């Protein structure tokens, strides 16, 4: 009863699209991200820029210190969405059991496939080749018996490669696997785990489940399971979007309500247009606002509300401004809706 899970993941996705569409960018360091003047971060970078230490989520001023010749690009999201749609259609030639996790990646359950004589290894290779042949972009892939190991595997032979983990290979693989490599174990958790002497799955294997449950709740059960290669999460092709948000960080902090209100007047038409794409009648479950202050504390206030409404978002932002700001400057203003359930 062992499943075959593929995780397909595009290489340097945004940057690879830009180099395909402008070959001049192929061999110089580039990154998609907000400018230093816009107080931006790097969304991603190509390998020439990564060589300097440029990484996703790096503050753009830091990227430019490591890599002074970095070429900064704004991003063409319709181009990325187009490539995303194309690779998802390519996935569908092989199975309907597709769970996209973001624009550039997806799980595939090919357990019941008899493409490529049932070889998940050859299916992954054929998908990667097809993506290259039809989009001129490269992808990497991971093959394993459960989701999380497949996702880990797709990172290990990047770029333009793949890695297969068989059931026989799972124990040796897990023994020295850093906990931080597990999707969902981030910096904070890995630092907590590190401070109690838990660095790898092999370390967690020597732990009591009951202790982990006390110390971490349901996360502790996940940690205990994953550290044993256990991951029964099914590939789910039926997930739906639950929220829509529009937010912007300004280049300078704001200190006046008039400025906040003026920002909202610019955010609102964009929120309306994006909601209308998925809900033409604008009917929603909740709407609300977000402020981020100059000390990086952020607050949200959202409430049951039946239909996108600009004046109520302004009014709510006014309360948040007056009630929770405490005189600090504001670097970000955001609008948000929660979508109706079905």
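Residue numbers count along the first chain shown, from 1.
Could you settle it for me: does 90-98 or 143-151 have the higher average Cα B factor in the PDB entry?
Result: 90-98.
Can you let me know which of the two, 250-258 or 233-241, has the higher average C-alpha B-factor in the entry?
Result of the comparison: 250-258.
Using the temperature factors in the entry, find which of 189, 84, 133, 162 has the highest value at its Cα atom.
If I rank 189, 84, 133, 162 by C-alpha B-factor, first place goes to 133.
In the PDB entry, which of 34, 280, 306, 288 has its C-alpha at the highest B-factor?
Among 34, 280, 306, 288, the highest C-alpha B-factor in the entry belongs to 280.
Taking the chain's C-alpha temperature factors as the reference, tell me which third residue 216 falls into: lowest, middle or highest.
It belongs to the highest third of the chain when residues are ordered by C-alpha B-factor.
Sorting the chain's modelled residues by C-alpha B-factor, tell me whether residue 226 ends up in the lowest, middle or highest third.
Tercile = lowest for this residue's CA B-factor.
Compared with the other modelled residues in the chain, in which third is the CA B-factor of residue 294?
For residue 294, whose C-alpha B-factor we compare with every modelled residue in the chain, the answer is the highest third.
Place residue 105 in the lowest, middle or highest third of its chain's C-alpha B-factors, as listed in the PDB entry.
As the PDB entry reports it, the C-alpha B-factor of residue 105 lands in the lowest third of its chain.
In terms of the CA temperature factor given in the entry, to which third of its chain does residue 323 belong: lowest, middle or highest?
It belongs to the highest third of the chain when residues are ordered by C-alpha B-factor.
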